[PDB]
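Before any questions on how it binds or moves, here is one chain, the form deposited in one PDB entry, in structure tokens.
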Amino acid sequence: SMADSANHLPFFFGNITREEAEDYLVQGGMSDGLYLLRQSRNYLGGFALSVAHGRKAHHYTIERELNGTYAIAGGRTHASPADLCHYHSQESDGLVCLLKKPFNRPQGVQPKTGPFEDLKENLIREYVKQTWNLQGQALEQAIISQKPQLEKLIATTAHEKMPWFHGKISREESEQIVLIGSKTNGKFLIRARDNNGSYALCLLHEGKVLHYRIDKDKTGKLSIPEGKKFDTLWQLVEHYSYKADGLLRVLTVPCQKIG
């Protein structure tokens, strides 16, 4: 992925929160035009630019366009995040200010990965072995050969393996499974609501199972009603585990699947 390329940038921090990005900018002196790069948490293949100006943090999403280039909303396209940052060191072109000085990862600090990122490589290896039945040669060549296609596919299906995803079960069945055992606030699962890629969130709140529709928009972006848009369910779950953002509370412990 571009994220693997972006690891060679000393000011790329991987998947950190907005708040963690801001903490790093303070560490680096919060000087005008101080910036770092990180991974977009809701745009698949996306990045985010965090910049200090007037002792405030300014955050910009860098989207991966359909042709595979990189752009901030209403901006020009670039071959890479590195090229976008270089361009913005010479032209503000819509940003609050010039990108003056990168804030590098302090020593000890690597780019941060989420749960998806930590199982992505294993799932790609497994899919090649057990759908193209290689055990050597292409086993490794086929992975690198077809990395972009495999990353995109594994991104769209990696939820199916995750402990909070309970598959094609009804509202009534989901309520039954959440209500069994410990009544921990935020206990949750996601279920498939049809075959057209609609989903639902089931969330325990003061002993009541709340149900939230997760709908697919024109682009195939997922959201709860009036909520932030995500490319994948694993992005949505990471977000609402961090910030309630219109849910009555944050997601906590994944509901156990029938063993």
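Start at 1 and count along the sequence shown; that's the residue number. Here, rigid core means the biggest group of C-alpha atoms that superpose within 1.5 Å across both forms.
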On mean C-alpha B-factor from the PDB entry, just flag whether 58-66 or 212-220 is the higher one. 212-220
Out of 196-204 and 44-52, which one has CA B-factors that are higher on average in the deposited record? 196-204
The residue of 96, 71, 124, 178 with the maximal C-alpha B-factor according to the PDB record is 124
Which one, 107, 77, 89, 185, has the peak C-alpha temperature factor per the PDB entry? 107
Hey, what third does residue 151 fall into on Cα B-factor, ranked over its chain? highest
Residue 170 - which third its CA temperature factor falls in, relative to the rest of the chain: middle
Name the third of the chain's ranked CA B-factors that contains residue 189, choosing lowest, middle or highest. lowest
Using the B-factors in the PDB entry, rank residue 84's C-alpha atom against the chain and give the third, lowest, middle or highest. lowest
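One more form of this protein exists, namely the form solved in complex with a partner chain; it is left out here, but the text below deals with it.
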Determine whether any heavy atom of residue 250 comes within 4.5 Å of a heavy atom of the partner chain in the deposited complex, and answer yes or no. no
Is there a non-hydrogen atom of residue 225 within 4.5 angstroms of a non-hydrogen atom of the partner chain in the deposited complex? yes
Indicate whether residue 140 is a 4.5 Å heavy atom neighbour of the partner chain in the deposited complex. no
With heavy atoms only and a cut-off of 4.5 Å, decide whether residue 73 touches the partner chain in the deposited complex. yes
State the residue from 163, 148, 94, 115 whose non-hydrogen atoms include one within 4.5 Å of the partner chain in the deposited complex. 94
I need to confirm a contact call. Of 105, 171, 101, 129, which residue comes within 4.5 Å of the partner chain in the deposited complex, counting heavy atoms only? 171
Conformational change between this form and the one not shown, one of 170, 182, 122, 137, C-alpha moving 2 Å or more after core fit: 137
Relative to the superposed rigid core, does residue 65 relocate between this form and the one not shown - that is, does its Cα move 2 Å or more? yes
Can we say the CA of residue 76 moves by at least 2 Å between this form and the one not shown when the core is superposed? yes
Rigid core fitted, is the C-alpha displacement of residue 196 between this form and the one not shown 2 Å or more? no
